[PDB]
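Asks: To start, I am sharing the structure in question, which I have written as structure tokens.
2 protein chains.
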Amino acid sequence: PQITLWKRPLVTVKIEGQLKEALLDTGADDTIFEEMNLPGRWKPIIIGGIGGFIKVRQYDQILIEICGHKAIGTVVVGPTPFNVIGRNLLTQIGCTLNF
Amino acid sequence: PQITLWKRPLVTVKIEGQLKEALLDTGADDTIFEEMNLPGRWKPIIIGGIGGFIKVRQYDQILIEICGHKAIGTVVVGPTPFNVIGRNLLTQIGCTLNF
Ligand SMILES: CC(C)CN(C[C@@H](O)[C@H](Cc1ccccc1)NC(=O)O[C@H]1CO[C@H]2OCC[C@H]21)S(=O)(=O)c1ccc(N)cc1
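Residue numbers (the deposited numbering), protein chains in the order written: chain B, 1 to 99; chain A, 1 to 99.
Here is the structure:
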């Protein structure tokens, strides 16, 4: 689909059988979600944004189906105000900026 | 232009006669740059990110020429790690996400 930027680019996402709405974020290198359980071993890491840093649990080879397109990649879980689909998964679905 | 997301979507921008590189950020509602001087009256405001909040000076009707395309809108000045072009200005240049 083509997505204008007049409203937040939110998309419905299915992850580990759960339905969530996530932000298509070209400014995010990685994907981060609110607190939730995920398969596989995780490593505690820290990510930095505008105004500070947060501790998060890193998961690898996580399946996400975002707006009907499937992708596997690293997914980070922590206290984020919004679920963010970062470039690590945007590339997988063939997402591009165009103007 | 078409912009894939394998690398950071950095673009060269001219603002107040200054040359800067800025991040095309679909996850940012507003545009914010590192410390710099700008015309017009400003109001101190606060913005929130992934790991906290920062105090910033808000400027309205600021001209930016991003990749050769012109836009006027609110520009926020504060301690951001990267210059970010938010949706308030992305919409003006006709920026869209496509997949
Ligand atoms: C630090 C910047 C490069 C911005 N980043 C992505 C960006 O889209 C965030 C994504 C985002 C969105 C909502 C809340 C927090 C973070 N938005 C943002 O910070 O914008 C702020 C300025 O305009 C305001 O609009 C809301 C946020 C404010 S980030 O959240 O910190 C980030 C950094 C690293 C990773 N792996 C993932 C995300």
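A virtual CB, placed ideally from N, CA and C, is assigned to each residue, including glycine.
Determine the contact status of residue 31(A) and residue 9(B), defining contact as a CB-CB distance below 7 Å.
Replies: no
Asks: So, with DSSP's three-state summary, where would you put residue 41(B)?
Replies: coil
Asks: For the beta strand (DSSP E) that residue 57(A) lies in, which residues bound it at each end?
Replies: 53 to 66
Asks: When you compare the CB of residue 87(A) with every CB in chain B, is at least one pair closer than 7 Å?
Replies: yes
Asks: Taking the alpha-carbon positions, what's the residue 3(B) to residue 42(A) distance?
Replies: Taking the Cα positions, residue 3(B) is about 32 Å away from residue 42(A).
Asks: Can you tell me whether residue 12(A) is buried or exposed, with buried defined as 16 or more other CB within 10 angstroms of its CB?
Replies: exposed
Asks: Closer than 9 Å, Cβ to Cβ, to anything on chain A: give me those residues from the stretch 10 to 43 of chain B, in chain order.
Replies: 23, 24, 25, 26, 27, 28, 29, 32
Asks: What are the partner residues of residue 48(A), as DSSP defines its beta bridges?
Replies: 53(A)
Asks: Under 7 Å, do residue 149(A) and residue 89(A) count as touching if we go by C-beta distance?
Replies: This structure gives no information on residue 149(A), because the portion of chain A shown stretches from 1 to 99.
Asks: According to DSSP, is residue 83(A) helix, strand or coil?
Replies: In this structure, residue 83(A) counts as coil in the three-state DSSP scheme.
Asks: To the nearest angstrom, how far is it from the Cα of residue 92(A) to the Cα of residue 60(A)?
Replies: 15 Å
Asks: So is the beta-carbon of residue 22(B) under 6 Å away from any non-hydrogen atom of ligand 1?
Replies: no
Asks: Heavy atom of ligand 1 less than 6 Å from the Cβ of residue 53(B), yes or no?
Replies: Outside the cutoff, so no.
Asks: Quick one: what does DSSP say residue 5(B) is sitting in, helix, strand or coil?
Replies: coil
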